[PDB]
Amino acid sequence: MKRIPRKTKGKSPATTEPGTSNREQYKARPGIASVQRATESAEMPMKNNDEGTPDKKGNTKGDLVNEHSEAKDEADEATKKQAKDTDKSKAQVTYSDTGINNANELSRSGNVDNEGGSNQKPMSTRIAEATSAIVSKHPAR
Amino acid sequence: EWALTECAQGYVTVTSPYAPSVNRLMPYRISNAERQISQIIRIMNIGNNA
Amino acid sequence: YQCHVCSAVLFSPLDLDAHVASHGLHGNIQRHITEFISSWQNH
Amino acid sequence: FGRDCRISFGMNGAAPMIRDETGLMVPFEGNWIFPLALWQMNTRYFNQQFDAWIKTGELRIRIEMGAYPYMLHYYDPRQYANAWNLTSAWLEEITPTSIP
Amino acid sequence: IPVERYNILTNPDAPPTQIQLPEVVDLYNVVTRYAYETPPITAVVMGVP
Numbered sequence: 042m043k044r045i046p047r048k049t050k051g052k053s054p055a056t057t058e059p060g061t062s063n064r065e066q067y068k069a070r071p072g073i074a075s076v077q078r079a080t081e082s083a084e085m086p087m088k089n090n091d092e093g094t095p096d097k098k099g100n101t102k103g104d105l106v107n108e109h110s111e112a113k114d115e116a117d118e119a120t121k122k123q124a125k126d127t128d129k130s131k132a133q134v135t136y137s138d139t140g141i142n143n144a145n146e147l148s149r150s151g152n153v154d155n156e157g158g159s160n161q162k163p164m165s166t167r168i169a170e171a172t173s174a175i176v177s178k179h180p181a182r
Numbered sequence: 002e003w004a005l006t007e008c009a010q011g012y013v014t015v016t017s018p019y020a021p022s023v024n025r026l027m028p029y030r031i032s033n034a035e036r037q038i039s040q041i042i043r044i045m046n047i048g049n050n051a
Numbered sequence: 081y082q083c084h085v086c087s088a089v090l091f092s093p094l095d096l097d098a099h100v101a102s103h104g105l106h107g108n109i110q111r112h113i114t115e116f117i118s119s120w121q122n123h
Numbered sequence: 119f120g121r122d123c124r125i126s127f128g129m130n131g132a133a134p135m136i137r138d139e140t141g142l143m144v145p146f147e148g149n150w151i152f153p154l155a156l157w158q159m160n161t162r163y164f165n166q167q168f169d170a171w172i173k174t175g176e177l178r179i180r181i182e183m184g185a186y187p188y189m190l191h192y193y194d195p196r197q198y199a200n201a202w203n204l205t206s207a208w209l210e211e212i213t214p215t216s217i218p
Numbered sequence: 304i305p306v307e308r309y310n311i312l313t314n315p316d317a318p319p320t321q322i323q324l325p326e327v328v329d330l331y332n333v334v335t336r337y338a339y340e341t342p343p344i345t346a347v348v349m350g351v352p
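Residue numbers (my numbering), protein chains in the order written: chain A, 42 to 182; chain B, 2 to 51; chain C, 81 to 123; chain D, 119 to 218; chain E, 304 to 352.
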């Protein structure tokens with residue numbers, strides 16, 4: 042009987058062998074630790090990109106930003122992070138302000154739902170408003 | 002053994018001895034089509050997000 | 081302690097039984113997923 | 119023996135075996151011929167495997183080196199003398215980039 | 304008692320592995336139980352001279 046925990050919340054005689062002596066004098070080149078550290082970074086999985094998708098309730102998560110503006114902001118953040126990684130004030134490799142006129146680029150955002158409408162008012166609010174306009178009431182007066 | 006040896010481009014050789022048994026379960030074999038589906042998912046995940 | 085199945089270096093007899101269990105031999109940590117040992121160095 | 123150094127462990131008393139150059143597998147016995155680099159790249163494994171047979175079994179190896187430095191050790195003929203310590207020290211210190 | 308559920312007990316002619324899906328789900332039937340091993344991936348890396 043072994044128990045395994047969940048990592049995510051759910052619904053709720055002489056023996057001295059004549060060759061085993063250790064005389065280590067070899068220094069790995071490249072070093073083991075140096076390669077291990079680099080492999081750790083590349084080992085990480087790709088980050089999630091969840092914006093623009095419906096939630097548990099039915100409301101599309103994300104920000105209320107124009108898609109092209111969202112793409113520009115994401116490019117700027119990428120350049121910023123790249124600069125931070127190499128420990129420089131300005132990045133040598135830039136994802137923004139390239140020579141390419143990528144004006145028609147679109148990025149997923151929380152501005153639009155799956156019907157192509159605007160999320161200026163969330164789904165659940167719209168369903169509530171629509172269903173409310175027709176409810177009856179007990180007779181009176 | 003074969004897969005790791007082939008991957009290393011003939012720079013190292015890999016050996017993994019084992020005793021004979023049949024109730025040893027190591028589920029790893031899948032088809033190419035499943036990997037292709039997974040790659041399509043991964044590509045679609047990007048969505049122009051630098 | 082020495083495991084001649086894979087030429088690894090061990091220190092406890094129960095560790096030897098566990099290690100040879102990884103080779104399929106009956107015992108005369110489960111947290112491990114992969115075990116690699118080089119031949120030109122002890123690491 | 120060439121680039122195909124690989125050993126199958128013995129089971130239930132059967133002796134261990136290694137692959138010849140000609141695709142045959144032989145027990146740890148007889149006369150062998152090694153290029154030096156073959157031992158240099160598997161120092162630890164080879165010391166773990168062959169040393170017992172070399173020390174007390176019937177296994178003899180010729181190492182192809184070409185040229186090498188040497189260092190003598192004189193001894194009295196009338197006294198018992200064993201060279202195993204020196205040879206074991208030499209073997210264990212083989213390195214994929216150095217030899218003594 | 305719903306006899307047809309307990310077929311392999313009440314019907315002397317039914318083979319032990321017979322089922323009646325999807326009309327009737329038997330509440331008593333043969334089950335196979337295993338015990339496998341999941342060894343870690345073990346490897347030894349040799350050098351090429």
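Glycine is no exception: its CB is placed at the ideal position from the N, C-alpha and C atoms.
Tell me residue i's beta-bridge partners as DSSP assigns them.
i	result
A88 (chain C)	C:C83
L177 (chain D)	D:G148
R137 (chain D)	D:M143
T16 (chain B)	E:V347
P153 (chain D)	D:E182
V176 (chain A)	None, per the DSSP bridge assignment.
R25 (chain B)	E:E340
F168 (chain D)	In DSSP, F168 (chain D) forms no bridge with anything.
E115 (chain C)	E:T345
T213 (chain D)	D:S216
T101 (chain A)	A:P95
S159 (chain A)	A:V153
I141 (chain A)	Beta-bridge pairing links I141 (chain A) to no other residue.
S126 (chain D)	D:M135
Going by C-alpha distance, which of the options is nearest residue i?
i	options	result
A119 (chain A)	A:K102, A:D138, A:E81	A:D138
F127 (chain D)	D:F168, D:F152, D:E176	D:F168
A338 (chain E)	B:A20, B:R43, B:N24	B:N24
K162 (chain A)	A:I45, A:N100, A:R64	A:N100
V334 (chain E)	E:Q321, E:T345, E:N314, E:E326	E:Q321
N165 (chain D)	A:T61, A:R70, A:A79	A:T61
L204 (chain D)	A:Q66, A:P59, A:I141	A:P59
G157 (chain A)	A:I175, A:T94, A:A169	A:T94
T140 (chain D)	D:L156, D:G131, D:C123	D:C123
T174 (chain D)	D:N200, D:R121, D:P195	D:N200
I42 (chain B)	A:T166, A:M87, A:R78, A:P54	A:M87
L142 (chain D)	D:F119, D:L177, D:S216	D:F119
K52 (chain A)	A:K97, A:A79, A:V134	A:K97
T215 (chain D)	D:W157, D:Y192, D:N149	D:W157
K113 (chain A)	A:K43, A:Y136, A:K122	A:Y136
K43 (chain A)	C:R111, C:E115, C:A88, C:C83	C:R111
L90 (chain C)	A:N63, A:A83, A:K125, A:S159	A:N63
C83 (chain C)	A:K50, A:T56, A:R47	A:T56
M45 (chain B)	A:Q66, A:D91, A:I175, A:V176	A:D91
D126 (chain A)	A:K178, A:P180, A:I168, A:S82	A:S82
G148 (chain D)	D:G131, D:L177, D:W202, D:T213	D:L177
For residue i, count the other beta carbons within 10 Å of its own beta carbon; 16 or more makes it buried, fewer makes it exposed. Which is it?
i	result
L209 (chain D)	buried
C86 (chain C)	buried
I172 (chain D)	buried
residue 1 (chain B)	Since the first residue shown for chain B is 2 and the last is 51, residue 1 (chain B) is missing from the structure and cannot be characterised.
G350 (chain E)	buried
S130 (chain A)	exposed
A116 (chain A)	buried
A133 (chain D)	exposed
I109 (chain C)	exposed
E170 (chain A)	exposed
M159 (chain D)	buried
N89 (chain A)	exposed
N160 (chain A)	buried
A88 (chain C)	buried
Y193 (chain D)	exposed
Give the C-beta separation of residue i and residue j to the nearest angstrom, bearing in mind that I take them to be a contact with Cβ-Cβ under 8 Å.
i	j	result
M135 (chain D)	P145 (chain D)	6 Å
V15 (chain B)	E2 (chain B)	5 Å
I125 (chain D)	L154 (chain D)	In fact, because the Cβ distance is near 19 Å, the residues do not count as touching under 8 Å.
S17 (chain B)	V347 (chain E)	7 Å
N310 (chain E)	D329 (chain E)	6 Å
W120 (chain C)	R196 (chain D)	With 8 Å as the limit, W120 (chain C) and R196 (chain D) do not qualify as a contact, their Cβ atoms being about 42 Å apart.
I73 (chain A)	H123 (chain C)	7 Å
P352 (chain E)	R121 (chain D)	6 Å
Would you call the region 99 to 117 of chain A in contact with the region 131 to 149 of chain A, where contact means no fewer than 3 C-beta pairs closer than 8 Å?
Taking a cut-off of 8 Å for Cβ pairs, the region 99 to 117 of chain A and the region 131 to 149 of chain A touch, as three or more such pairs fall below it.
For the structure I just gave you, are there three or more beta carbon pairs, one from the region 86 to 97 of chain C and one from the region 34 to 46 of chain B, closer than 8 Å?
no
State whether the region 97 to 107 of chain A contacts the region 149 to 156 of chain A, with contact taken as three or more CB pairs (one from each stretch) at a distance under 8 Å.
Yes, the region 97 to 107 of chain A touches the region 149 to 156 of chain A.
Can at least three beta-carbon pairs, one atom from the region 313 to 333 of chain E and one from the region 172 to 187 of chain D, be found at a separation below 8 Å?
In the pairwise beta carbon analysis, the region 313 to 333 of chain E is classified as not touching the region 172 to 187 of chain D: fewer than three pairs are separated by under 8 Å.
Inter-stretch contact (C-beta, 8 Å, three-pair minimum) for the region 339 to 347 of chain E and the region 101 to 112 of chain C:
yes
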